[PDB]
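The form deposited in one PDB entry is given below as one chain in structure tokens.
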């Protein structure tokens, strides 16, 4: 749904918009744009429409004066510099012409320098397409901006951080503009900084609405809502070792930049991935092979292995899909059985507050310490349950934090990762002498849910989902999620943005709430960056240790 909207700006407003004939052309992109393009477009889709080669605007390349170049770059000092460079002087046109498409609004200073550039005579197309976000999935977007976390949660970063927060606001609008959405802005009152941010986003959209009246045109697009959240709105979820496929693989395995080696890329273009990603491991291997069985049975007591041997090298390209997913499920279980099982049971008690039987837990340490003193258990794993523990207790004393940092043997460098969580608004240091911090995300403060969990280690429901279901039914408390304005082939759309990242369990809830809690509503979830338990810990790291 979102994923295609981009596909269309790329294909119709760039690749096809420039094609006036059969002449070869060159696609010159930059680091971000390329990513953005990869997500929504198949390579051949573009390569069979006149583009015969893709270059990197940066690392200079061979001059082709006979072909026109199409520039899909982010309007920066660099990029715009290389651009004017390629045409830095006539009789040396790096290319025969130029079709320039800025991913987002170009700064008028460089814009000026360019319009007066030695490049002016070559520009055959000059547009701003406004696409400053990665369509990570058809329901999830990312502004690949992990540094914003620092701006929000590190004090020193307070000011000077304003242009970073103002850039985000504008990117969020590029995403709305792209869906032709002019939503109503809502934010979480309890974290004062949100308001200012909610305002930023608002302005930025106004510019788009003023520069195009049909934005948010009729089709229930007058009910859409863009709810702004701060990461401290649910510190439990992004810490838990989740067990649904995607969330669990990224957590326990080394899938860098979305590539799982033995190598493959976990993308929506996979098709099978899109069917297993949210499933619970327990049944993944089971169902992938059940799905393999229905593939082969479409060509291929005595069993005949002939057809297999026959028509097999013919499908190696497809039978490979299943292969890797079986290796993925394997890897997840190998890791689980090793040490994770034991970690989940403690985490679930802590996150829930109640045990498997629905009983309020007690005698915490009895289970915590045995983990902490296990020298074979990781440092980050220990940190995770210590925060969960504190979060549950609603704050601890300097004294006890001291006792846990000891039993776990955490380098006093990784020790501040705890203390810093406090900057997101989570209560970790008891008294504080200040006022009591509300913890909305605790089960005893959230609507009741049925105590039948089909799995004991998967009882926790992201507080995110509660927000989603309440909003989609218009039962989202304005006392905590006010409108900055007060009151408040279609949508309505619930655009939720979290400054501070999002977990796979939340991305999983966006689909859940959508593929059911319907009313025609479609829930789109976006964030500054995509989280991972350890990764969040790292983000927490850089505050008291840039």
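Numbering follows the first chain given and starts at 1. Under this definition, the rigid core comprises the largest set of C-alpha atoms superposing within 1.5 Å between the forms.
Separately, the form deposited in another entry exists; it is not shown, and the next lines address it.
Trainee: Pick out the one residue among 406, 454, 156, 314 whose C-alpha shifts by 2 Å or more between the shown form and the other one, once the rigid core is superposed.
Mentor: Only 314 moves by 2 Å or more at its C-alpha.
Trainee: When you overlay the rigid core, is the Cα of residue 416 off by 2 Å or more between the shown form and the other one?
Mentor: No; residue 416 is a residue whose C-alpha shifts by less than 2 Å between the shown form and the other one when the cores are overlaid.
Trainee: Using a rigid core superposition, assess whether residue 371 undergoes a CA shift of 2 Å or more between the shown form and the other one.
Mentor: For residue 371, whose C-alpha is compared between the shown form and the other one after core superposition, the shift is less than 2 Å.
Trainee: Core superposed first: is there a CA shift of 2 Å or greater at residue 293 between the shown form and the other one?
Mentor: True for residue 293: a C-alpha shift of 2 Å or more.
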